[PDB]
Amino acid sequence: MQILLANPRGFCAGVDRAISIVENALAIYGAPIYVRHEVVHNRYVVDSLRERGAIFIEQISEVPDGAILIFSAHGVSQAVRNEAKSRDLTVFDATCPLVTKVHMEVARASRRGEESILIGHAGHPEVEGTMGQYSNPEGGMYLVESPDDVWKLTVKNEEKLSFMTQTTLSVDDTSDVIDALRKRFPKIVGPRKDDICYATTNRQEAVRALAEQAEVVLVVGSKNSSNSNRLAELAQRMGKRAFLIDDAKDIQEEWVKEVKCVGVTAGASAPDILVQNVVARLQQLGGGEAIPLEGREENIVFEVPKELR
């Protein structure tokens, strides 16, 4: 059985920065360091950090006075930030710079009192954080997930309307929502294409090329990671069996029995050691040396804030 590796795969620049922010906090200040939400949606990364004394909470009212609190890479609402700010807390912000870029647009729309539409998945923490930058009651901030949602949306002034997206969506599905938004609201203003980040776009392009070659695709990533689920979905829609797995223990022998080519990729929140262990297990199940595919080069790094070097 041949094993192909997608390229690019695995950690993006925002995830590497956010993990480094927690580790450095722990190294500088000691345990405990509190973190609002899983710093990234990866069970291994979060368990790792938990065993080293990070405490992950959902709500700020779970954090003691005077503690150190880190916001996860997904970002947080103005309300969360004020709730932390007017509290005793030392805060470091691990929000990815590419999520903050979208927040700055929503904030500008809010100040002008002009309506904004976010394309994103209800309940996702990045969506809560981004919707949560809009506060002007004179305007409005609306979430849409699909063309159907666009077809039922009514707004107050469609002459003054902008859109923004979550960064970890399907490029193809988002394109269909934006096509609907432009047809419904011909004056709507937005980015050229979407706010989908380089890392999401690049891993979906890489998984398309992988699925073209492989009969079965394993995507290393946790169930609550949006971008990881989009990679699995993409391979499934190309007609390949695709599984989202946390680690090598999850591989069921039936999935690769009689399979001549298996592909492996990893979401932006999944560490390389997990892919290494998945490859070692596929080798036990008859796979040969892992062959990395040729891929688009990634060169972006985001540094930790100087306070945490």
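Don't overthink the numbering: it's just position in the shown sequence, from 1. Whichever C-alpha set is largest while still superposing within 1.5 Å between the two forms counts as the rigid core.
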| query | finding |
| --- | --- |
| Higher C-alpha RMS shift from the shown form in 6 other deposited structures of this protein - 246-254 or 56-64, rigid core fit | 56-64 |
| 126-134 or 183-191, whichever carries the higher mean Cα B-factor | 183-191 |
| Between the two ranges 16-24 and 282-290, the one averaging a larger CA B factor in the entry | 282-290 |
| Identity of residue with top Cα B-factor, from 147, 113, 97, 120 | 113 |
| Highest-ranked of 93, 83, 172, 233 once sorted by CA temperature factor in the record | 83 |
| Position of residue 221 among the chain's modelled residues by C-alpha B-factor, lowest, middle or highest third | lowest |
| Third of the chain, ranked by Cα B-factor, where residue 212 sits | highest |
| Residue 75 - Cα temperature factor, lowest/middle/highest third of chain | lowest |
| Third of chain Cα B-factors occupied by residue 260 | highest |
| Ranked against its chain, the third holding the CA B-factor of residue 240 | middle |
